[PDB]
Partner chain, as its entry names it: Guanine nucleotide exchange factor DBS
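Only one chain is given next, in structure tokens, and it is the form solved without the partner chain.
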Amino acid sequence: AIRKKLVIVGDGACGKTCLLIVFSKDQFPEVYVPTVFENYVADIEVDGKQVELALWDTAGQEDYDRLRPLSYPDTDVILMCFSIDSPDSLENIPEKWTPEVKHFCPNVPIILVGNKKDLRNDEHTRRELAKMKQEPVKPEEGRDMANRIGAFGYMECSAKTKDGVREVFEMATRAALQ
């Protein structure tokens, strides 16, 4: 049975747990899904192959710099997340998450994921970000960061609408396999 360990990282509130939840809920047959993910085993089928994806969430540990990395050994793929409603979350990709992940997970493939894409054209978030002299992340900034950090790929998604979620995990699975 092919098993791959997936760790999701990124700033607090950038949507890591909701992303795992939407994906996990999409499994068939339908199962009851918990609200915490550590070696959570999800079954996926990708290009005719059954894969056990063991999901680890760093939500709740984003400030535990010494404890969080204990989860990194044997990781096969990384979902590195920022939120499209938070340019600050994007800046932490090269400043915090990428040096960390490359240190503890050398040569482990990274999927760069822009969560909450439904917020890009959200009138309320535009207003809030404007108070800080910021605006939503544009797709091209996401793509350029992916190249900059050497990510396997860049994907945008919304856990709210579910758009792009499937494809995030398909890409992560292919990367873990390859």
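The term rigid core refers to the maximal set of C-alpha atoms that superpose within 1.5 Å between the two forms. Residues that one form lacks are left out of the comparison. Residue numbers count along the first chain shown, from 1.
What follows is about the form solved in complex with the partner chain, which we do not show.
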(message) Going by heavy atom distances of 4.5 angstroms or less, which of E135, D118, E141, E52 would be at the interface with the partner chain in the deposited bound form?
(response) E52
(request) Answer yes if any heavy atom of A130 is within 4.5 Å of a heavy atom of the partner chain in the deposited bound form; otherwise answer no. (result) no
(request) Verify the contact flag for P69: yes if a non-hydrogen atom of it lies within 4.5 Å of a non-hydrogen atom of the partner chain in the deposited bound form, no if not. (result) yes
(request) Give a yes or no for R174: in the deposited bound form, does one of its heavy atoms lie within 4.5 Å of a heavy atom belonging to the partner chain? (result) no
(request) Would you please decide whether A59 lies within 4.5 angstroms of the partner chain in the deposited bound form, comparing each non-hydrogen atom pair? (result) yes
(message) Shifts of 2 Å or more at the CA atom, core superposed, between the shown form and the other one: which of the listed residues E30, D63, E128, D144 is the one?
(response) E30
(request) For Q50, decide whether the Cα shift between the shown form and the other one is 2 Å or greater, given a superposition on the rigid core. (result) no
(message) Comparing against this form, do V51 and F28 have their CA atoms pulled together or pushed apart in the deposited bound form? The difference is 3 Å or more.
(response) farther
(message) Can you confirm the direction of the Cα distance change for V108 and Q27 in the deposited bound form, closer or farther than in this form, given it is 3 Å or more?
(response) farther
(request) Fit the two forms on the core and write out the ranges of at least 3 consecutive residues whose every CA moves by 2 Å or more between the shown form and the other one. (result) 26-39
